[PDB]
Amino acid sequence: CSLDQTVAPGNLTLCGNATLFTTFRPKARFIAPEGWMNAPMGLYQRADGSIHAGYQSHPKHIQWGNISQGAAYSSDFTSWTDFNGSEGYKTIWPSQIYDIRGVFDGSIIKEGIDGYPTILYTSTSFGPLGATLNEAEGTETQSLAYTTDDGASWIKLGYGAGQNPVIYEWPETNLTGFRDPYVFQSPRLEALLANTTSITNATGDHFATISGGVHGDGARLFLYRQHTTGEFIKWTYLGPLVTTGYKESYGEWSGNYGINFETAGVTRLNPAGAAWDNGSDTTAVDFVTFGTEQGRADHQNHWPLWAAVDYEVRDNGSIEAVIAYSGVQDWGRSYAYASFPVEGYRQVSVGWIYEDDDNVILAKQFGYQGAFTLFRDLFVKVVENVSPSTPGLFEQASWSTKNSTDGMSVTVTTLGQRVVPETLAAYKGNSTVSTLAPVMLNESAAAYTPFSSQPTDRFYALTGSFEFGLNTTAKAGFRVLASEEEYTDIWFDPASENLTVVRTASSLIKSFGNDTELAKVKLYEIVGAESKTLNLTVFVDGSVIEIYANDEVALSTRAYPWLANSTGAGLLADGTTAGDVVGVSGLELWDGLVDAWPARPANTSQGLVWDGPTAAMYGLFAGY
């Protein structure tokens, strides 16, 4: 095993465990110290204002198993510190008959058991578990634990009658899944149900959704309500909140609803951020965010979606969330988005970016798998004075339209996402910032034009505004992680409305994924404008490429170039002419970003272990 990044890569499968630990590793984002991670969990703002982030964790392994909560904290979403206790950076782990198969996703009741922060999580036991298997009741239940030390440790309620698990009965038969309890307060839902509480007797101030579906009949999000305020054992099933069809799709802008939901959450937003009104705010919109399974041919069969919903009260004292419009939270290799409330009327969302090594060829050599996305403020994005001749505008697919009185302009409403400002400020302030001169892309434009200043490593951010003619057929964007032989191309093509990431040349190492990523982006044309603009922000962080367009469209993906000098970046141009020009302005390179884990050394591997021959006997975990 040679680690010479000045020549072509050898057979890297001969390299030892964690020998490629630093080679492709993100430095500027949330990631476990080592080993396997997946979904964010247990997210909450602590009493001191800091952020507690949990995650599904399997230390010293590179596949899922014995799934536990790893945890860390931060005062700014950006610079983090690991917890360190008797189980290292773990704070909840399989320990009881009811959760021995895995401590799955859970969410936080801030004022819970004895007034302490309390997690409601999916406790798993034995038996077939999965949307395509014949799962039985009891395999997935929901259990409580609380912390007396601000997340350094958690104490589970005892096992038994009137204790853990607290939710165990399936609300309907033949479930495809029954997990990921999302606990939330909702003045909105309380107001809607206030006249029906005699029917159910559920009067608590916390609601909980559980994600799943029904075999052969599509996904389901089940709504529970805390039976009595201040009491956390009894949760009353109201009814299905979201019901979708078996592999139903709302269309090209909306992914596919698959057969089963995972990590679903419920929020209410307005243009500024989180909305906590009872329905009285006419600018507020109710949203559900959710993953779906088995409705996608690639990306691990997983869509991270969202939907704007209108709540209707059923006669039995439950709520139907009727989907008004439906979109995609991220178009690339990410999933398991969780959102949580943050002080100052914010709702912040974060997901998991998986690797692109689905055949597990170099996972052991990495010594880790997975990272988070960046943390994102959610809000209602409102675009005013939109031209009615914007192509496809009245499809109203992942947005809504309201006509002006005179019919000459439209107000567009959709889900907004933007990187939390704490991270943008810290990134910029710790980077070497190059403000670049605007570039007009015309007949003289090369295919690729390097920026006048270049990155020094694989940790940087790019921004640019691309102004296109209303009838352009030109394409433009950014090339990143680029040398002569390796590069990743991010293109926008207004004619097709497609943002793509072409990865055919991303790496000389042939075992990584190389499929082209694709997102739809609607450039809402403004009344009186003779052009349309794409604002593109790109974060390059080890192997992560995370793309944001117009504070709306997100696409996370992976690139693993071998050569040490595959770090360059610049502008891409295709079919730009004297007549069909693309004006690029607001160009800026931030080189360096932030060291997100300042207390960690460069190599936090502790080696990898094998569970031994019993792993196959038990049949629950891969074992490595």
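All residue numbers refer to positions in the sequence shown, first residue = 1.
Averaged over their C-alpha atoms, the temperature factors of 560 to 568 and 27 to 35 are higher for 560 to 568.
In this entry, 496 to 504 has the higher mean Cα B-factor, the comparison being between 496 to 504 and 98 to 106. The PDB entry gives the largest Cα B-factor of the residues 121, 345, 306, 178 to 345. Across the options 437, 350, 353, 183, the residue with the most elevated CA B-factor in the record is 437. When the CA B factors of the chain's modelled residues are split into thirds, the value for residue 267 lands in the middle one. Residue 602: CA B factor lies in the middle third for its chain, per the PDB record. Remark: residue 227 belongs to the highest third of its chain, ranked by C-alpha B-factor as recorded.
Among the modelled residues of its chain, residue 588 has a C-alpha B-factor that falls in the highest third, as given in the PDB entry.
Ranked within its chain, residue 395 lands in the highest third, by CA B factor from the PDB record.
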